[PDB]
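A.B. asks: Got a structure for you, written out below as structure tokens; questions coming shortly.
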Amino acid sequence: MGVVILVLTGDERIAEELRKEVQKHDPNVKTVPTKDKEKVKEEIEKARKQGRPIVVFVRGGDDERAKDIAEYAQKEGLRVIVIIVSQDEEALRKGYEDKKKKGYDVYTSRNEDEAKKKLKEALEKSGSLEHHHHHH
């Protein structure tokens, strides 16, 4: 029992504002930025014990980190989600297929809006519920 949501953002500030969005959807979900690269794998061990997802923010180019975290999480039999935030459809597609063939459920996003929907959708699929995904 455990889920690992890897949000690969073209801008690290998108990664940071989406962190706040996860915490508002559920504070018990642990979020780790692009900064604390070392501490991610420790937080994955703990996230299973929390019965909550861990949302790992990775940068567009810092993908070497993303795939190794993904494979480490998937090694524990965890539901690995990968959300790529890029306005460029090639940056979306190449990462999409690369992580998808490794057994990970990968979402593509244009910007913060699409990133936010897929983020909270991955939070709903892990069990964390707050903001009901309703038609405004």
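FYI, it's all coordinate maths here, none of it is from the lab. Backbone-built Cβ (ideal geometry, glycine too); neighbour counts: all protein chains shown.
A.B. asks: For the list (1) assigned to a strand (DSSP E or B); (2) crowded, with 21+ Cβ neighbours inside 10 Å, I need the number of the one condition that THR108 fails.
C.D. replies: (2)
A.B. asks: Further question: Restricting attention to region 51-60, which residues are touching a strand residue (DSSP E or B) at 6+ places or on another chain (Cβ under 9 Å) and surrounded by fewer than 21 Cβ atoms within 10 Å (Cβ to Cβ)?
C.D. replies: Result: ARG59, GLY60.
A.B. asks: Out of all the residues in region 97-136, which are touching a residue at least 24 places away in the same chain (Cβ under 8 Å) and under 15 Å from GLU17 (Cβ atoms)?
C.D. replies: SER109, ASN111, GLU112, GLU114, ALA115, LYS116, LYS118, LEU119, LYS120
Residues are listed down the side, and each one gets a yes or a no for (1) outside any helix (DSSP H, G or I); (2) surrounded by fewer than 19 Cβ atoms within 10 Å (Cβ to Cβ); (3) touching a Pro at 6+ places or on another chain (Cβ under 9 Å):
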position: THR31; (1), (2), (3): yes, no, no
position: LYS37; (1), (2), (3): yes, yes, no
position: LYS46; (1), (2), (3): no, yes, no
position: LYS49; (1), (2), (3): no, yes, no
position: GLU64; (1), (2), (3): no, yes, no
position: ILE69; (1), (2), (3): no, no, no
position: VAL82; (1), (2), (3): yes, no, no
position: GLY95; (1), (2), (3): no, no, no
position: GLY103; (1), (2), (3): yes, yes, no
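A.B. asks: Still on this structure, please answer the following. Can you confirm whether region 56-69 contains a residue that is of a type outside the set (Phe, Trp, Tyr) and touching a residue at least 60 places away in the same chain (Cβ under 8 Å)?
C.D. replies: Yes - at least one qualifying residue is present in region 56-69.
A.B. asks: Name the one entry in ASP68, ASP113, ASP105, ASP26 that is under 21 Å from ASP11 (Cβ atoms) and among the acidic types (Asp, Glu).
C.D. replies: None of the others qualify; the one that does is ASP113.
A.B. asks: Of the residues that sit in region 1-30 and are of a type in the set (A, V, I, L, M) and within 16 Å of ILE69 (Cα to Cα), which one is farthest from the chain's Cα centre (by Cα)?
C.D. replies: Step by step, filter region 1-30, then rank; the result is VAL3.
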